[PDB]
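Trainee: Once you've had a glance at the structure underneath, I'll fire off some questions.
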Amino acid sequence: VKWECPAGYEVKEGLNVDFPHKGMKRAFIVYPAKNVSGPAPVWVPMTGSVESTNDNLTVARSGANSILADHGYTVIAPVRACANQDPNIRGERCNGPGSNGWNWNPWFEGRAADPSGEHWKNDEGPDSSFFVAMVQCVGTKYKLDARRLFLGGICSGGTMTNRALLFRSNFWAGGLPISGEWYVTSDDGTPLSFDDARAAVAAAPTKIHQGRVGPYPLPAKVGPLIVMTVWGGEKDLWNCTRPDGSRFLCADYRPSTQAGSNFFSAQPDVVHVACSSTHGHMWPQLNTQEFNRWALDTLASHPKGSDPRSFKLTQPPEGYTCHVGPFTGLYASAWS
């Protein structure tokens with residue numbers, strides 16, 4: 001890791017605006033770690049399609065992620081590009097289909113189903129690179145632990161976490177993709193409809209599935225990481241909204257969390273923890289802060305480069321079931 005900022009950019013505690021990156025002006029919020037001497041672990045939380053970055057950071061039901069600073073983590077939260085640097089924007093001009101080859105507008109987290117997404121098959125996108133530049137810049141003002149840079153999020157933020165881990169596995173130490181998409185495709189990269197992608201995983205629940213969320217094809221080997229994928233249970237689904245206001249099912253996180261767990265579990269230098277709950281499709285609701293503390297501290301117990309064989313999972317808060325490896329309680333096993 002290299003600690004550097006765009007020439008003349010002065011990082012500060014709180015809201016940072018007009019951060020220059022790839023022709024765009026970005027913003028992010030910093031909460032320095034509390035009760036920590038020396039380099040502090042980093043948490044980069046990302047909101048979803050409707051919740052504002054401020055909601056994700058300060059509202060209990062949305063995760064109140066800024067509170068992790070009180071837990072000894074320097075929190076660096078990026079604002080969505082669609083929000084035009086406003087940390088309070090919710091779904092306005094963000095909650096909907098993406099443009100310029102992107103599938104969803106909240107984050108540059110997946111290539112579109114049509115040919116315009118072709119280029120994103122092997123270009124991480126401006127969000128993935130922005131987060132790296134963001135952390136590297138904050139690191140010039142606050143002492144950050146280069147072996148403990150973690151990012152995560154819910155919904156589209158979870159999808160973005162998946163993409164970031166696949167394209168920058170040599171930077172991040174790990175992540176927490178909570179109910180994020182994988183956008184499963186055929187092995188040859190052909191985009192699949194929601195229904196077809198859903199059926200593909202159901203027909204082969206233990207295989208590694210390609211996906212529009214990452215590079216095509218997925219990398220044969222990624223850098224050292226610890227990834228904790230979270231599924232919200234039977235109700236972990238997302239209903240899109242048509243221009244006329246009507247709603248319709250457009251995402252099921254059972255296949256996407258399964259697919260992610262399959263890929264990361266197969267990786268030799270990646271410790272994958274699969275967690276299941278029953279809160280649905282939103283930030284973990286049961287013992288929320290207990291979960292945030294447990295999850296981040298679990299990730300921090302595996303600094304980048306650590307031997308996966310040395311990892312020791314501890315019991316999660318009541319309301320969660322987790323274990324190392326791919327998900328197992330989502331689809332019936334073959335031997336069954």
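Naming works like this for the structure tokens: A, B, ... for the chains as they're shown, residue 1 at the start of each chain, ligands 1 onward in shown order.
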Neighbouring residues of segment 51-57 of chain A were defined as those with any atom within 7 Å, considering only C-alpha atoms; residues of the same chain fewer than 2 positions away were excluded. Please report them as a VMD selection string.
Mentor: chain A and resid 47 to 49 59 62 to 66 79 87 to 91
Trainee: Restricted to N, CA, C and O atoms, what would the selected residues look like written as a compact mmCIF listing (two decimals), in the first residue's frame?
Mentor:
# COMPACT_ATOMS: atom_id res chain seq x y z
N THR A 47 -23.54 1.93 1.51
CA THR A 47 -24.99 1.80 1.58
C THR A 47 -25.52 1.09 0.33
O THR A 47 -24.74 0.66 -0.53
N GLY A 48 -26.84 0.97 0.25
CA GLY A 48 -27.46 0.30 -0.88
C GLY A 48 -28.13 1.23 -1.88
O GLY A 48 -27.63 2.32 -2.18
N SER A 49 -29.29 0.79 -2.38
CA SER A 49 -30.04 1.54 -3.38
C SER A 49 -30.86 2.71 -2.86
O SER A 49 -30.96 3.74 -3.52
N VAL A 59 -27.98 5.71 11.31
CA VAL A 59 -29.28 5.18 11.69
C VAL A 59 -29.16 3.72 12.10
O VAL A 59 -28.67 2.89 11.33
N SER A 62 -30.24 0.92 9.93
CA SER A 62 -29.47 0.87 8.70
C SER A 62 -28.03 0.43 8.95
O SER A 62 -27.22 0.38 8.02
N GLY A 63 -27.72 0.12 10.20
CA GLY A 63 -26.39 -0.35 10.54
C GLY A 63 -25.53 0.56 11.40
O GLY A 63 -24.60 0.08 12.04
N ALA A 64 -25.85 1.86 11.42
CA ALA A 64 -25.08 2.83 12.20
C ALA A 64 -23.60 2.47 12.15
O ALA A 64 -22.94 2.32 13.18
N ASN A 65 -23.08 2.35 10.93
CA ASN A 65 -21.69 1.96 10.72
C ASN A 65 -20.61 2.88 11.26
O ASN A 65 -19.47 2.45 11.44
N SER A 66 -20.94 4.14 11.52
CA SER A 66 -19.95 5.07 12.04
C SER A 66 -19.56 4.69 13.47
O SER A 66 -18.51 5.08 13.96
N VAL A 79 -19.42 8.11 -0.70
CA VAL A 79 -20.74 8.54 -1.13
C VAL A 79 -20.91 8.04 -2.57
O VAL A 79 -19.96 8.06 -3.35
N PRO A 87 -24.30 13.20 1.01
CA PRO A 87 -24.42 12.00 1.85
C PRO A 87 -25.83 11.72 2.35
O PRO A 87 -26.08 10.68 2.97
N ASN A 88 -26.76 12.63 2.09
CA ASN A 88 -28.13 12.44 2.54
C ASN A 88 -29.07 11.95 1.44
O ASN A 88 -30.20 11.57 1.73
N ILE A 89 -28.62 11.97 0.19
CA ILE A 89 -29.46 11.48 -0.90
C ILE A 89 -29.80 10.02 -0.59
O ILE A 89 -28.94 9.26 -0.14
N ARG A 90 -31.05 9.65 -0.81
CA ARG A 90 -31.49 8.29 -0.57
C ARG A 90 -31.65 7.56 -1.90
O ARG A 90 -30.65 7.12 -2.48
N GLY A 91 -32.87 7.44 -2.41
CA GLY A 91 -33.06 6.76 -3.68
C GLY A 91 -33.13 7.70 -4.87
O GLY A 91 -33.13 7.25 -6.02
Trainee: Report as an NGL selection string all protein, DNA and RNA residues lying within 9 Å of segment 36-43 of chain A, evaluated on only C-alpha atoms, omitting residues in the same chain fewer than 3 positions from it.
Mentor: :A and (32-33 or 65 or 68-69 or 72-77 or 135 or 142-152 or 175 or 296 or 300)
Trainee: Go ahead and write the residues just picked, N, CA and C atoms, as an mmCIF file, in the first residue's frame.
Mentor:
data_model
loop_
_atom_site.group_PDB
_atom_site.id
_atom_site.type_symbol
_atom_site.label_atom_id
_atom_site.label_comp_id
_atom_site.auth_asym_id
_atom_site.auth_seq_id
_atom_site.Cartn_x
_atom_site.Cartn_y
_atom_site.Cartn_z
ATOM 1 N N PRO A 32 -12.291 8.769 12.541
ATOM 2 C CA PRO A 32 -11.056 8.201 13.090
ATOM 3 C C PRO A 32 -11.316 7.204 14.217
ATOM 4 N N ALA A 33 -10.526 6.135 14.261
ATOM 5 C CA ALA A 33 -10.685 5.113 15.294
ATOM 6 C C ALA A 33 -10.489 5.680 16.695
ATOM 7 N N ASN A 65 -23.081 2.349 10.930
ATOM 8 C CA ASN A 65 -21.693 1.957 10.720
ATOM 9 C C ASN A 65 -20.609 2.880 11.258
ATOM 10 N N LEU A 68 -18.565 1.952 14.481
ATOM 11 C CA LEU A 68 -17.414 1.062 14.518
ATOM 12 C C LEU A 68 -16.151 1.853 14.861
ATOM 13 N N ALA A 69 -16.214 3.175 14.724
ATOM 14 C CA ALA A 69 -15.067 4.008 15.077
ATOM 15 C C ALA A 69 -14.887 3.909 16.592
ATOM 16 N N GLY A 72 -12.763 0.977 17.575
ATOM 17 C CA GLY A 72 -11.363 0.888 17.193
ATOM 18 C C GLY A 72 -11.043 0.769 15.717
ATOM 19 N N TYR A 73 -11.973 1.178 14.860
ATOM 20 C CA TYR A 73 -11.754 1.128 13.422
ATOM 21 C C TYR A 73 -11.877 2.518 12.843
ATOM 22 N N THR A 74 -11.020 2.842 11.883
ATOM 23 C CA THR A 74 -11.137 4.132 11.233
ATOM 24 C C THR A 74 -12.103 3.849 10.094
ATOM 25 N N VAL A 75 -13.258 4.502 10.149
ATOM 26 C CA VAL A 75 -14.308 4.313 9.158
ATOM 27 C C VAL A 75 -14.205 5.334 8.032
ATOM 28 N N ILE A 76 -14.107 4.834 6.804
ATOM 29 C CA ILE A 76 -13.997 5.681 5.621
ATOM 30 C C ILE A 76 -15.149 5.272 4.710
ATOM 31 N N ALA A 77 -16.216 6.065 4.734
ATOM 32 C CA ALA A 77 -17.432 5.772 3.981
ATOM 33 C C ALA A 77 -17.613 6.599 2.723
ATOM 34 N N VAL A 135 -8.788 5.434 0.338
ATOM 35 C CA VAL A 135 -8.108 4.894 1.503
ATOM 36 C C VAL A 135 -6.641 5.322 1.533
ATOM 37 N N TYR A 142 -4.238 9.819 8.884
ATOM 38 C CA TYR A 142 -4.502 8.910 9.987
ATOM 39 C C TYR A 142 -3.717 7.626 9.779
ATOM 40 N N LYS A 143 -3.227 7.050 10.871
ATOM 41 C CA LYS A 143 -2.451 5.821 10.797
ATOM 42 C C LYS A 143 -3.369 4.649 10.503
ATOM 43 N N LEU A 144 -3.201 4.054 9.326
ATOM 44 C CA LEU A 144 -4.031 2.924 8.925
ATOM 45 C C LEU A 144 -3.211 1.645 8.804
ATOM 46 N N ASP A 145 -3.803 0.538 9.238
ATOM 47 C CA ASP A 145 -3.164 -0.775 9.188
ATOM 48 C C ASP A 145 -3.324 -1.328 7.773
ATOM 49 N N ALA A 146 -2.232 -1.345 7.014
ATOM 50 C CA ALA A 146 -2.259 -1.825 5.631
ATOM 51 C C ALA A 146 -2.651 -3.288 5.465
ATOM 52 N N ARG A 147 -2.604 -4.055 6.550
ATOM 53 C CA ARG A 147 -2.972 -5.467 6.488
ATOM 54 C C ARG A 147 -4.408 -5.684 6.946
ATOM 55 N N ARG A 148 -5.099 -4.599 7.279
ATOM 56 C CA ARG A 148 -6.474 -4.716 7.750
ATOM 57 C C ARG A 148 -7.413 -3.685 7.133
ATOM 58 N N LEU A 149 -7.413 -3.625 5.806
ATOM 59 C CA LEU A 149 -8.278 -2.703 5.077
ATOM 60 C C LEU A 149 -9.483 -3.522 4.621
ATOM 61 N N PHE A 150 -10.631 -3.273 5.243
ATOM 62 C CA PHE A 150 -11.848 -4.017 4.936
ATOM 63 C C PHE A 150 -12.968 -3.146 4.399
ATOM 64 N N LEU A 151 -13.751 -3.693 3.473
ATOM 65 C CA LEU A 151 -14.889 -2.952 2.954
ATOM 66 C C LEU A 151 -16.088 -3.884 2.955
ATOM 67 N N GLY A 152 -17.280 -3.310 2.934
ATOM 68 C CA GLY A 152 -18.471 -4.134 2.943
ATOM 69 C C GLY A 152 -19.698 -3.282 2.755
ATOM 70 N N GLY A 175 -13.585 -8.554 3.054
ATOM 71 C CA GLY A 175 -14.807 -7.781 2.959
ATOM 72 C C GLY A 175 -16.020 -8.464 3.545
ATOM 73 N N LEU A 296 -16.633 -7.441 12.080
ATOM 74 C CA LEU A 296 -15.382 -6.736 11.826
ATOM 75 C C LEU A 296 -14.215 -7.322 12.607
ATOM 76 N N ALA A 300 -10.794 -8.806 11.163
ATOM 77 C CA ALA A 300 -9.514 -8.310 11.659
ATOM 78 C C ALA A 300 -8.629 -9.412 12.237
#
Trainee: With only C-alpha atoms as the basis for distance, which of A:3, A:31, A:320, A:253 is at the shortest distance from residue 290 of chain A?
Mentor: A:320
Trainee: Name the residues of segment 71-119 of chain A that fall into strand (DSSP E or B) according to DSSP on the backbone, using the chain letters and numbers of this document, as a PyMOL selection string.
Mentor: chain A and resi 74-78+97+102+104+111
Trainee: Find the residue from A:131, A:222, A:28, A:236 that sits nearest to residue 267 of chain A; use only C-alpha atoms when measuring.
Mentor: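 Closest residue, counting only C-alpha atoms: A:222.
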